[PDB]
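Read off the chains here:
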Amino acid sequence: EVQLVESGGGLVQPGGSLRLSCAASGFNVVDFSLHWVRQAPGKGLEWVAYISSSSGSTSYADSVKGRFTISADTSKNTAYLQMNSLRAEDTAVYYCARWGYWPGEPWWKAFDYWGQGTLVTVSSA
Amino acid sequence: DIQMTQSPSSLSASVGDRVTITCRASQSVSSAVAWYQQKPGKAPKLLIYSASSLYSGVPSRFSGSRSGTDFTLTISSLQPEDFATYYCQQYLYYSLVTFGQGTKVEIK
Amino acid sequence: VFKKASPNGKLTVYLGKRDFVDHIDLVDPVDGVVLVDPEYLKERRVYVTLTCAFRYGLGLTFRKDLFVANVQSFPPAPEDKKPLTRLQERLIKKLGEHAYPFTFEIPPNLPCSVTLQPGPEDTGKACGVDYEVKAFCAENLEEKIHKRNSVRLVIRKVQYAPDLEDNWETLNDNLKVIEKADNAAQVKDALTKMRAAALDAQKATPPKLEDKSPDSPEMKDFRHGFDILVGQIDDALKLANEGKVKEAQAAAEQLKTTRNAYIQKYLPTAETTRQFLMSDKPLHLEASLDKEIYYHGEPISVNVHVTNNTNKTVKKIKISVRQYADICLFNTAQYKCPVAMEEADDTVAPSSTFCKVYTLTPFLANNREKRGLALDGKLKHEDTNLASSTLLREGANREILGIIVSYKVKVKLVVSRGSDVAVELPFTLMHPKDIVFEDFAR
């Protein structure tokens, strides 16, 4: 079945780095797009970044534009997110989501299968 | 950036009543609005996509309507699973996704 | 509202409107209240009617009239018919115990209010179709009328025009902005707007294929074309996201090709070809209208594409918008009146290709002096414009309609010396879709 396994969270000092991995089962990444959706504790969801393996095109957010890096891996069905110089505002639980491609129903069904999510926390001590 | 706003930031209703939840677009997004029901401490679930269509699995007491740039959702609330925070997402393009500030349905 | 009293002002008729719109399912009902005095009606009752009158020029008029509508209101309730409306019932707010109303209904397939224009020396006869609500009081229906007991209003019926055109207009403006843009921000905003417009248009249906099934193959091809268009917009948007503005502009230029594909399928076009002796290749001419539904005063741009390989040069282009009017009666005749004429001295070399867009506008003020036109009311009134095109019968009758009005655009090429090749493009002209008292008298 479809399951978006998301793992790689923890506590990191400010200015540190982390690598958030999103593994997928039951479908190949070459057929769908993979996003990242934040959630601050007690606030709404926020868009982070995404990647599409059919064209190599990636676009980030205005809050994490210059720091994060996203890369996929077709042979393993995982898309990697890279954390760099994490700030205090990034102490939020992260979800991995799948979105279809333009021609047909899959594009219309936005984020049909999400992930359980992993929690990352940034504190000085 | 296309902006999503949910006006009734909190609603109070009991089991069996009728609940309406609204959303207002800052730009012309032809449909391209989806509603998510986020349980306390759980990942979002897809209730209504294409701003009017139903997703298989979700119960039938859920429906939406689009008028210009205003989107609304309607429920006939039941006991176990219809008390949580709901969301309103616009998905015109891959790199344009913006979520709406959530609304909570408490118990009187 | 609007009122009008008889020459003996003991009978006053009110109405909520002077113009009624035609919904093809059912025209709006005529709501009014009749104020009388029972003393002058000592033994007599007040009458109301509605007819689709015909006019020309005992006013020396030939008549062919067909409609009847009868509601008498003295007393108002022979039976409690009362299909009441809000304004009709509320009109008794200031009116006493003599004011008994009426209610009427119009068939949903009657001719609209059209009137031909006569003159002292006119190219056409005088004719028209107009409605009238006439009120009077006498012993019975068949009794002779009198002028001191009558109120005869004249109302009008108007059809208003029925999203895809707006979406295409938005796409055109965004494409122009894309072409003229200099930074990535305006490019991205324009691309977002045109993506939204293209999706919204894909959600719609074209006027030509309306009668066909929603799952018919033509609808599938139409949605496929819009799918291709949105894909090209997506490619341009991705390039704009990367920042490379020039490639985004080229990807948007590909939208010109896809629009050209759409135009020849769903827009008015025409092509005629002519050849002569003592030559090798013929002459070809093509024209296209941007849209089908037009609004009164909205300029009409007519694309002209010409290619030629003959041994003759041509320096003349004439574009015209021509009236067409029918009279479905015993005096049957057909009319044609240029409403707007155009002339340019453009070039036709023996071997060259030409394509320019020319804009025209049919307007009554500049075109008034000619006779035999097609109008929808009295010229003196401010709300009087040219006659909107008669929406053709949906398989219904034609003879009873009276006057049919249509428009089409002509492009003429003037052959040089040692017929003139022409095309025609049908199109459509339509109008865009306590109480304070006033007098009805026009």
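Look up: the structure comes first, before these words.
What this report covers is the structure whose coordinates are included nearby. By convention in this text, residue numbers begin from 1 on each chain and track the written sequence, not necessarily the entry numbering, and residues missing coordinates are not displayed. All chains are assigned letters beginning with A, and all ligands numbers beginning with 1, in the order in which they are written. Only heavy atoms go into the side-chain values, all of them from the structure, while hydrogens and water stay out. Residues with missing side-chain atoms are left out of burial classes, side-chain pairs and their counts.

Per the secondary structure count, chain A includes 1 helix and 11 strands. When the helices and strands of chain A are listed from N to C terminus, the series reads β-β-β-β-β-β-β-β-β-α-β-β. Radius of gyration means the value over C-alpha atoms here, while the globule rule gives 2.2 Å times the residue count to the 0.38 power. On C-alpha atoms alone, chain A measures out to a radius of gyration of 14 Å, which is about the 14 Å that the 2.2 N^0.38 rule sets for 125 residues. For chain A, the C-alpha atoms occupy an extent of roughly 50 × 25 × 25 Å along the three principal directions. Contact criterion: two residues are considered in contact whenever any of their non-hydrogen atoms come within 4.5 Å of each other. Long-range contacts, defined here as pairs at least 24 residues apart, represent 55% of the contacts in chain A between residues at least 6 apart. Computed with a 1.4 Å probe, the accessible areas rest on the Shrake-Rupley method; for each residue, only the protein chains presented here act as cover. Of the roughly 5,600 Å² that chain A leaves accessible, carbon and sulfur atoms contribute 49%. The sign given to each residue is positive for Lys and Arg and negative for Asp and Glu; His and the chain ends receive no count. Charge positions come from single atoms, namely NZ of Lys, CZ of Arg, CG of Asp or CD of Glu. Distance between charge centres in chain A, computed from 9 positive and 10 negative side chains, equals 6 Å. Here a helix means four or more residues in a row that DSSP labels H or I, a strand means two or more in a row labelled E, and each is numbered from the N terminus.

Residues and elements named next belong to chain C. As for its placement among the helices and strands, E169 is situated in helix α2 (residues 164–180). Given the relative accessible area of 41%, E169 is considered partly exposed. Taking the C-alpha atoms as reference points, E169 and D290, separated by 121 residues in sequence, lie 9.9 Å from one another. The classification of residues rests on relative accessible area computed with a 1.4 Å probe and restricted to protein chains. Under 20% of the type maximum is buried, over 50% is exposed, and intermediate values are partly exposed.

What follows covers the interface of chain B and chain A. In this complex, chain B contributes 21 residues to the contact, which on the side of chain A involves 26 residues. Buried area: the accessible surface (1.4 Å probe) lost by two parts on joining, summed over both. In total, about 2,000 Å² of surface goes out of reach between chain B and chain A, with carbon and sulfur atoms giving 64% of it. In what follows, salt bridge is the name for a side-chain nitrogen of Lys or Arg lying within 4 Å of a carboxyl oxygen of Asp or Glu. Across the chain B-chain A interface, the total number found is 0 salt bridges. Any N or O atom pair separated by 3.5 Å or less is treated as a polar contact, with the protein-specific requirement of one donor-capable and one acceptor-capable atom, and with residues adjacent in sequence counted only for side-chain atom pairs. At the surface where chain B touches chain A, the tally comes to 5 residue pairs in polar contact. Secondary-structure elements contributing two or more residues to the side of chain B that touches chain A are β4 (33–38), β5 (46–49) and β9 (85–90) of chain B. Here the nonpolar group is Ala, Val, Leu, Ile, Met, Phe, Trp, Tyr, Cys and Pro; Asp, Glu, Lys and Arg are the charged ones; every other residue, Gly included, is treated as polar. Class assignment of the residues belonging to the side of chain B that touches chain A gives a composition of 14 nonpolar, 6 polar and 1 charged.

This part is about the pattern of salt bridges. Under the counting rule described, the total for this entry stands at 22 salt bridges over all chains. Residues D62 of chain A and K65 of chain A are paired through a salt bridge, measuring 3.9 Å at the closest nitrogen-oxygen approach. According to the relative accessible area criterion, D62 of chain A is exposed, its value standing at 75%. When the shortest N-O distance is used, the salt bridge between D70 of chain B and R24 of chain B registers 3.4 Å. Of the two residues, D70 of chain B sits in strand β8 (residues 70–76) while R24 of chain B sits in strand β3 (residues 18–25), which places them 46 residues apart along the sequence. Residue classification places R24 of chain B among the exposed residues on the basis of a relative accessible area of 51%.

From the geometry alone we can't say anything about function, so treat these as descriptive.
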